[PDB]
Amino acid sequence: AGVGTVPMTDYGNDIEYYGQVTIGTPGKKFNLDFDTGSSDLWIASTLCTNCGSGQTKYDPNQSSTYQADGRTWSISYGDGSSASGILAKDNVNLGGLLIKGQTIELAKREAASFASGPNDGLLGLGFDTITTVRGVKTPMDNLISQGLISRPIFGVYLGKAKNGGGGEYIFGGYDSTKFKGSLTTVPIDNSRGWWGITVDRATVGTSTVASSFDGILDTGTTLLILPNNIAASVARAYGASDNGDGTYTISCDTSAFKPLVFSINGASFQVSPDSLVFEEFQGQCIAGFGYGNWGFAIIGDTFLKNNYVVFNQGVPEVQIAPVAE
């Protein structure tokens, strides 16, 4: 793969996307979930006492570039999953870019959901204002300051399991074979440490289901999570029924549905009919959109697997275009 190019693996039905990262000297390969909603790089380690037997664990003793650190860390994600441990320093190779002396977080403890998932840890791609430990420079910060990328951007392509899966992240560039037409520039609000954008409106056919709302681009979230009123409005347009747990039951037959269209900075971006269904279990389908009690939307994989995004940390801003498919 080209310089800074990281091929991704699509886990299950577009649940998450992970890539291989080499840490240490000589180094081990780790499968990390690439998360634009967080800013900590943590990995399962041999200091962990409740980690999965299937996870690959970082072993300080086997890295000649390991450097001890006296600080501890703890994190808790949006769904309550958590992990904790100690800080360390080592080299990280991201698509051939060798970041020297990156602060890495070794887990001593992790939630059962991490122990049973496909990840060895997470790579945070949010802004450095939300690292859990103050003074920690994120991998993007280090790629820029070490001169490993000449433009402070990363291009993101998330594939659809229905089309073969895959995905690809490119640090320092983007790939126009993955999208169609012209990219639309959208300003980013990073005041809360996330990639925040404003959606002008949302329509289903001729119906305006929502007026302008703010949301965050989160590759680490599976669904499109909307504020309660907006979610209900969307659900009514598709005849979806509320499961009372933040999810909806929708018809498995999407052949009759119109796309969920977002108007962003004057252009149209959509959630295609097929993406309206997340998963099918014993003939019942769970929708690709859900609800949460926040005033902003979490624009997750349901949306990102339909739209290519170029993330620019420098401005900050994003460039979006419909996926080529």
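One-based numbering along the sequence shown.
Comparing the deposited coordinates for 6-14 and 297-305, the stretch with the larger average C-alpha B-factor is 6-14. Mean C-alpha B-factor is higher over 231-239 than over the other stretch, the pair under comparison being 231-239 and 139-147.
The entry lists C-alpha B-factors for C252, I130, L123, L97, and the highest of these is at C252. When the C-alpha B factors of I264, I43, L276, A68 are read from the deposited coordinates, the top value falls at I264. When the modelled residues of the chain are ordered by C-alpha B-factor, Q20 sits in the highest third. Per the PDB record, residue ranking by Cα B-factor puts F289 in the middle third of the chain. In the PDB entry, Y248 places in the highest third of its chain by CA B-factor.
When the CA B factors of the chain's modelled residues are split into thirds, the value for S64 lands in the middle one.
When the CA B factors of the chain's modelled residues are split into thirds, the value for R192 lands in the highest one.
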